[PDB]
Amino acid sequence: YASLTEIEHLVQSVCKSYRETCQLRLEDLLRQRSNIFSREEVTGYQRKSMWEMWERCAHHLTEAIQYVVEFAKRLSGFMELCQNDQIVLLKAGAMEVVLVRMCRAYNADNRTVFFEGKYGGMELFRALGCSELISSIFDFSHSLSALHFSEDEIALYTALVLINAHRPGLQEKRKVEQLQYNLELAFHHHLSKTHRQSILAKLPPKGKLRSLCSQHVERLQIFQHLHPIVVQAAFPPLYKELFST
Amino acid sequence: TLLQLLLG
Ligand SMILES: CC(C)CCC[C@@H](C)[C@H]1CC[C@H]2[C@@H]3CC=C4C[C@@H](OS(=O)(=O)O)CC[C@]4(C)[C@H]3CC[C@]12C
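Residues numbered from 1 in each chain as written, not as in the entry; some residues may be left out. Chains lettered and ligands numbered in written order. Heavy atoms only, no water.

Peer 1: I'd love a proper account of unusual backbone geometry, names of residues and values included.
Peer 2: Positive phi is not limited to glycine here, since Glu-116 of chain A has a value of about 40°. Examined against the element boundaries, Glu-116 of chain A turns out to sit in the loop between β2 (112–115) and β3 (118–120). (Helix = DSSP H or I, 4+ residues; strand = E, 2+ residues; numbered from the N terminus.)

If you want it as C-alpha coordinates, here you go:
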(Lines give C-alpha, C1' and ligand atoms only; values in the text may rest on other atoms or scores of the structure.)
Protein backbone atom coordinates (compact mmCIF):
# COMPACT_ATOMS: atom_id res chain seq x y z
CA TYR A 1 0.00 0.00 0.00
CA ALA A 2 2.32 2.72 -1.29
CA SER A 3 1.59 6.17 0.18
CA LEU A 4 1.35 9.35 -1.92
CA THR A 5 4.93 10.21 -0.87
CA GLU A 6 6.12 6.72 -1.95
CA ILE A 7 4.37 7.22 -5.32
CA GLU A 8 5.85 10.71 -5.80
CA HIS A 9 9.29 9.28 -4.96
CA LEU A 10 8.71 6.42 -7.42
CA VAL A 11 7.89 8.94 -10.18
CA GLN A 12 11.13 10.89 -9.62
CA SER A 13 13.15 7.67 -9.29
CA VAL A 14 11.80 6.33 -12.62
CA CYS A 15 12.38 9.58 -14.53
CA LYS A 16 15.95 9.82 -13.16
CA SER A 17 16.76 6.20 -14.09
CA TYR A 18 15.57 7.03 -17.63
CA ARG A 19 17.50 10.34 -18.02
CA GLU A 20 20.71 8.57 -16.99
CA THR A 21 20.32 5.56 -19.29
CA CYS A 22 19.44 7.18 -22.61
CA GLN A 23 22.06 6.56 -25.30
CA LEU A 24 21.18 9.81 -27.12
CA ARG A 25 20.46 13.33 -25.86
CA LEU A 26 17.07 14.67 -27.04
CA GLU A 27 18.78 18.00 -27.79
CA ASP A 28 21.15 16.34 -30.28
CA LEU A 29 18.34 14.42 -31.99
CA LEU A 30 16.40 17.59 -32.79
CA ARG A 31 19.63 19.44 -33.70
CA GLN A 32 20.38 16.81 -36.36
CA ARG A 33 16.88 16.95 -37.92
CA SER A 34 18.15 18.85 -40.98
CA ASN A 35 20.93 16.27 -41.32
CA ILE A 36 19.36 13.71 -43.68
CA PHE A 37 20.97 10.93 -45.76
CA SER A 38 21.37 11.85 -49.43
CA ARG A 39 20.10 9.82 -52.41
CA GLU A 40 23.67 8.56 -52.95
CA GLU A 41 24.14 7.52 -49.31
CA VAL A 42 20.79 5.67 -49.26
CA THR A 43 21.81 3.71 -52.39
CA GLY A 44 25.06 2.75 -50.62
CA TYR A 45 23.11 1.29 -47.68
CA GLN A 46 20.75 -0.47 -50.09
CA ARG A 47 23.71 -2.03 -51.92
CA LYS A 48 25.33 -3.44 -48.78
CA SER A 49 25.31 -7.22 -48.52
CA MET A 50 22.54 -8.68 -46.35
CA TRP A 51 25.06 -10.05 -43.83
CA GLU A 52 26.80 -6.68 -43.39
CA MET A 53 23.60 -4.69 -42.85
CA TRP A 54 22.20 -7.28 -40.40
CA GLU A 55 25.52 -7.28 -38.57
CA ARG A 56 25.54 -3.47 -38.29
CA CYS A 57 21.92 -3.29 -37.15
CA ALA A 58 22.35 -6.12 -34.62
CA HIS A 59 25.36 -4.28 -33.15
CA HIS A 60 23.49 -0.96 -32.79
CA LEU A 61 20.40 -2.72 -31.45
CA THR A 62 22.50 -4.60 -28.87
CA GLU A 63 24.05 -1.30 -27.79
CA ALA A 64 20.60 0.21 -27.12
CA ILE A 65 19.64 -2.97 -25.23
CA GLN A 66 22.70 -2.57 -22.96
CA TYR A 67 21.22 0.80 -21.98
CA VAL A 68 17.83 -0.85 -21.34
CA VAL A 69 19.53 -3.37 -19.02
CA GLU A 70 21.07 -0.39 -17.19
CA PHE A 71 17.64 1.29 -16.97
CA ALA A 72 16.25 -1.91 -15.41
CA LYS A 73 19.10 -2.08 -12.87
CA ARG A 74 18.36 1.43 -11.58
CA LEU A 75 14.60 0.99 -11.76
CA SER A 76 13.01 1.18 -8.31
CA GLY A 77 11.88 -2.33 -7.36
CA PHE A 78 13.31 -4.27 -10.33
CA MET A 79 16.38 -5.47 -8.40
CA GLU A 80 14.10 -6.42 -5.49
CA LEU A 81 12.46 -9.13 -7.63
CA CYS A 82 14.06 -12.60 -7.66
CA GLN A 83 16.85 -13.39 -10.15
CA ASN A 84 14.72 -15.58 -12.46
CA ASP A 85 12.05 -12.90 -12.83
CA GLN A 86 14.63 -10.22 -13.66
CA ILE A 87 15.82 -12.46 -16.53
CA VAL A 88 12.26 -13.12 -17.75
CA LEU A 89 11.21 -9.45 -17.72
CA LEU A 90 14.39 -8.31 -19.48
CA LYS A 91 14.42 -11.14 -22.04
CA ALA A 92 10.81 -10.43 -23.06
CA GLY A 93 10.92 -6.67 -22.52
CA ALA A 94 14.32 -5.40 -23.70
CA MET A 95 13.34 -5.17 -27.40
CA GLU A 96 9.94 -3.70 -26.44
CA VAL A 97 11.59 -0.83 -24.54
CA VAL A 98 13.95 -0.05 -27.47
CA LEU A 99 10.99 0.04 -29.89
CA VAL A 100 9.30 2.61 -27.63
CA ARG A 101 12.49 4.61 -27.01
CA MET A 102 12.85 4.82 -30.81
CA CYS A 103 10.24 7.63 -31.08
CA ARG A 104 12.80 10.06 -29.59
CA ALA A 105 14.99 9.34 -32.62
CA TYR A 106 12.02 9.46 -34.99
CA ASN A 107 10.98 12.45 -37.11
CA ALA A 108 7.27 12.31 -37.97
CA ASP A 109 7.51 15.17 -40.49
CA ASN A 110 9.63 13.24 -43.04
CA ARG A 111 9.22 9.72 -41.56
CA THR A 112 12.93 9.22 -40.81
CA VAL A 113 14.90 7.67 -37.94
CA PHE A 114 18.32 8.72 -36.61
CA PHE A 115 20.76 5.97 -37.65
CA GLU A 116 24.59 5.89 -37.86
CA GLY A 117 24.98 9.67 -37.72
CA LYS A 118 22.06 10.94 -39.85
CA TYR A 119 18.31 10.63 -40.51
CA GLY A 120 17.00 8.16 -43.08
CA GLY A 121 13.72 6.56 -44.12
CA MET A 122 12.89 2.85 -43.90
CA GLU A 123 14.39 2.59 -47.42
CA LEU A 124 17.82 2.55 -45.67
CA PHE A 125 17.14 -0.92 -44.32
CA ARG A 126 16.17 -2.69 -47.57
CA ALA A 127 19.35 -4.81 -47.64
CA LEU A 128 18.08 -6.55 -44.47
CA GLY A 129 15.38 -8.25 -46.57
CA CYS A 130 12.60 -7.78 -44.02
CA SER A 131 10.71 -4.72 -45.27
CA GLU A 132 7.38 -5.70 -43.66
CA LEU A 133 9.07 -5.68 -40.23
CA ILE A 134 10.92 -2.41 -40.87
CA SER A 135 7.78 -0.64 -42.10
CA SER A 136 5.84 -2.13 -39.16
CA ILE A 137 8.44 -0.58 -36.81
CA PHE A 138 8.26 2.77 -38.63
CA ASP A 139 4.44 2.63 -38.35
CA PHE A 140 4.68 1.94 -34.61
CA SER A 141 7.07 4.84 -34.01
CA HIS A 142 4.80 7.07 -36.12
CA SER A 143 1.82 6.17 -33.93
CA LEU A 144 3.82 6.99 -30.77
CA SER A 145 4.87 10.39 -32.16
CA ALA A 146 1.16 11.24 -32.45
CA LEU A 147 0.96 10.92 -28.65
CA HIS A 148 3.58 13.67 -28.24
CA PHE A 149 5.33 12.00 -25.28
CA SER A 150 7.52 14.01 -22.93
CA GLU A 151 10.66 12.40 -21.47
CA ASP A 152 8.97 11.77 -18.10
CA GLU A 153 6.05 10.09 -19.86
CA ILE A 154 8.29 7.78 -21.92
CA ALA A 155 10.23 7.00 -18.71
CA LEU A 156 7.07 5.96 -16.87
CA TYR A 157 5.63 4.20 -19.93
CA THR A 158 8.82 2.17 -20.64
CA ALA A 159 8.95 1.16 -16.96
CA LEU A 160 5.47 -0.34 -17.40
CA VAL A 161 6.58 -1.98 -20.67
CA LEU A 162 9.38 -3.73 -18.74
CA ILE A 163 7.44 -4.59 -15.55
CA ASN A 164 4.66 -6.70 -17.03
CA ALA A 165 3.21 -9.42 -14.79
CA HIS A 166 1.77 -11.34 -17.77
CA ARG A 167 5.18 -12.62 -18.94
CA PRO A 168 5.19 -16.46 -18.94
CA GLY A 169 7.58 -18.22 -16.56
CA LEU A 170 7.51 -15.76 -13.65
CA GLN A 171 8.43 -17.58 -10.41
CA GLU A 172 7.04 -14.87 -8.11
CA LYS A 173 4.21 -13.45 -10.24
CA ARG A 174 2.47 -11.71 -7.31
CA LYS A 175 5.53 -9.62 -6.37
CA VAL A 176 5.67 -8.51 -10.03
CA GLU A 177 1.94 -7.63 -9.94
CA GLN A 178 2.49 -5.36 -6.91
CA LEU A 179 5.39 -3.44 -8.48
CA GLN A 180 3.49 -3.21 -11.78
CA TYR A 181 0.51 -1.70 -9.94
CA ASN A 182 2.69 0.83 -8.10
CA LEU A 183 4.25 1.90 -11.41
CA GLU A 184 0.70 2.24 -12.82
CA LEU A 185 -0.04 4.47 -9.80
CA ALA A 186 3.14 6.43 -10.51
CA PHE A 187 2.18 6.70 -14.19
CA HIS A 188 -1.42 7.85 -13.54
CA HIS A 189 -0.27 10.23 -10.79
CA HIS A 190 2.17 12.09 -13.06
CA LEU A 191 -0.28 12.23 -15.98
CA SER A 192 -3.15 13.69 -13.90
CA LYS A 193 -0.86 16.39 -12.48
CA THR A 194 0.02 17.40 -16.05
CA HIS A 195 -3.56 16.98 -17.39
CA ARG A 196 -2.42 14.18 -19.70
CA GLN A 197 -4.53 11.14 -18.73
CA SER A 198 -6.17 11.35 -22.19
CA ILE A 199 -3.22 9.49 -23.78
CA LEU A 200 -3.91 6.30 -21.76
CA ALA A 201 -6.74 5.27 -24.10
CA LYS A 202 -4.44 6.02 -27.05
CA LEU A 203 -1.58 3.78 -25.84
CA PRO A 204 -0.79 0.85 -28.19
CA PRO A 205 -2.51 -2.46 -27.38
CA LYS A 206 -0.02 -4.65 -25.47
CA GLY A 207 -0.30 -7.32 -28.20
CA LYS A 208 1.22 -4.92 -30.74
CA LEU A 209 4.59 -4.81 -28.97
CA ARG A 210 4.62 -8.63 -28.69
CA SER A 211 3.80 -8.90 -32.40
CA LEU A 212 6.74 -6.67 -33.39
CA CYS A 213 9.06 -8.76 -31.21
CA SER A 214 7.70 -12.03 -32.60
CA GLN A 215 8.22 -10.58 -36.08
CA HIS A 216 11.86 -9.74 -35.24
CA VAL A 217 12.59 -13.28 -33.94
CA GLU A 218 11.12 -14.77 -37.15
CA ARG A 219 13.15 -12.51 -39.45
CA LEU A 220 16.27 -13.52 -37.53
CA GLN A 221 15.35 -17.18 -38.08
CA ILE A 222 15.14 -16.53 -41.83
CA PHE A 223 18.52 -14.75 -41.76
CA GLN A 224 20.31 -17.13 -39.35
CA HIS A 225 19.26 -20.15 -41.44
CA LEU A 226 20.66 -18.58 -44.62
CA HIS A 227 23.78 -17.22 -42.84
CA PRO A 228 24.59 -19.35 -39.75
CA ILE A 229 28.33 -18.56 -39.66
CA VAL A 230 27.86 -14.76 -39.70
CA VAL A 231 25.63 -14.84 -36.58
CA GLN A 232 28.01 -17.19 -34.77
CA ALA A 233 31.16 -15.26 -35.76
CA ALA A 234 30.09 -11.60 -35.81
CA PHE A 235 26.79 -10.99 -33.97
CA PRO A 236 26.92 -9.69 -30.38
CA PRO A 237 26.49 -12.73 -28.10
CA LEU A 238 23.73 -10.90 -26.18
CA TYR A 239 21.72 -10.44 -29.40
CA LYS A 240 21.99 -14.17 -30.05
CA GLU A 241 20.97 -15.04 -26.47
CA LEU A 242 17.91 -12.77 -26.57
CA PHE A 243 16.55 -13.41 -30.06
CA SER A 244 17.89 -16.66 -31.55
CA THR A 245 16.02 -19.98 -31.49
CA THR B 1 23.78 -16.63 -19.14
CA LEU B 2 24.81 -13.16 -20.38
CA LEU B 3 21.74 -11.47 -18.85
CA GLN B 4 22.72 -12.97 -15.46
CA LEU B 5 26.25 -11.58 -15.87
CA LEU B 6 25.04 -8.07 -16.75
CA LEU B 7 22.78 -8.04 -13.66
CA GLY B 8 25.39 -9.45 -11.24
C1 LIG C 1 16.89 -6.77 -38.56
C2 LIG C 1 16.68 -6.10 -37.17
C3 LIG C 1 18.05 -5.66 -36.59
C4 LIG C 1 15.64 -4.93 -37.31
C5 LIG C 1 15.95 -3.66 -36.47
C6 LIG C 1 16.40 -2.50 -37.41
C7 LIG C 1 16.23 -1.05 -36.85
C8 LIG C 1 14.72 -0.69 -36.72
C9 LIG C 1 17.03 -0.80 -35.53
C10 LIG C 1 18.56 -1.08 -35.71
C11 LIG C 1 19.34 -0.06 -34.84
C12 LIG C 1 18.23 0.50 -33.93
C13 LIG C 1 18.55 1.80 -33.14
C14 LIG C 1 19.80 1.60 -32.23
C15 LIG C 1 19.94 2.69 -31.20
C16 LIG C 1 18.98 3.56 -30.86
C17 LIG C 1 19.27 4.61 -29.80
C18 LIG C 1 18.14 4.82 -28.76
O19 LIG C 1 18.48 6.02 -28.04
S20 LIG C 1 18.05 6.17 -26.60
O21 LIG C 1 18.30 7.55 -26.23
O22 LIG C 1 16.58 5.91 -26.54
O23 LIG C 1 18.73 5.18 -25.78
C24 LIG C 1 16.75 4.91 -29.44
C25 LIG C 1 16.51 3.69 -30.36
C26 LIG C 1 17.58 3.55 -31.49
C27 LIG C 1 17.48 4.78 -32.46
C28 LIG C 1 17.32 2.21 -32.27
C29 LIG C 1 15.99 2.19 -33.09
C30 LIG C 1 15.78 0.90 -33.93
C31 LIG C 1 17.00 0.62 -34.87
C32 LIG C 1 17.12 1.73 -35.97
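Peer 1: Pulling in residues and values, what's your account of the UniProt feature "short sequence motif: AF-2" in chain A?
Peer 2: Under the present numbering, the feature "short sequence motif: AF-2" in UniProt falls on residues 238–243 of chain A. Along residues 238–243 of chain A the backbone is 100% helical and 0% strand, and the end-to-end C-alpha distance reaches 9 Å. (UniProt positions renumbered as here; feature names shortened; annotations may be inferred.)

Peer 1: Outline the site of the ligand, listing residues and values.
Peer 2: Residue and element names in this part refer to chain A. Around the ligand lies a shell of 15 residues, among which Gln-23, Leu-24, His-60, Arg-101 and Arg-104 are the nearest. Here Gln-23 contributes a backbone N or O atom positioned 2.9 Å from an oxygen atom of the ligand. One nitrogen or oxygen atom from the main chain of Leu-24 is found 3.0 Å from an oxygen atom belonging to the ligand. Look at the ligand: alone it shows 690 Å² of surface, and the protein chains cover 97% of it. Here the ligand occupies the largest pocket. For the shell around the ligand, the per-class residue count stands at 10 nonpolar, 3 polar and 2 charged. (Near = heavy atom within 4 Å. Polar contact = N/O pair within 3.5 Å; in protein donor to acceptor, adjacent residues only side chain to side chain. Areas by Shrake-Rupley, 256 points an atom, 1.4 Å probe, with all protein chains shown as cover. 1 Å grid on protein atoms, 1.4 Å probe; cavity = no way out; pocket = protein on both sides within 12 Å on 5 of 7 lines; lining within 4 Å. Sits in = over half its atoms within 2 Å of the grid points. Nonpolar A, V, L, I, M, F, W, Y, C, P; charged D, E, K, R; others polar.)

Peer 1: Give a description of the UniProt feature "domain: NR LBD" in chain A that names residues and reports values.
Peer 2: In the UniProt entry, the feature "domain: NR LBD" is given for residues 6–245 of chain A. Along residues 6–245 of chain A one finds 65% helix and 4% strand; the C-alpha atoms at either end are 41 Å apart.

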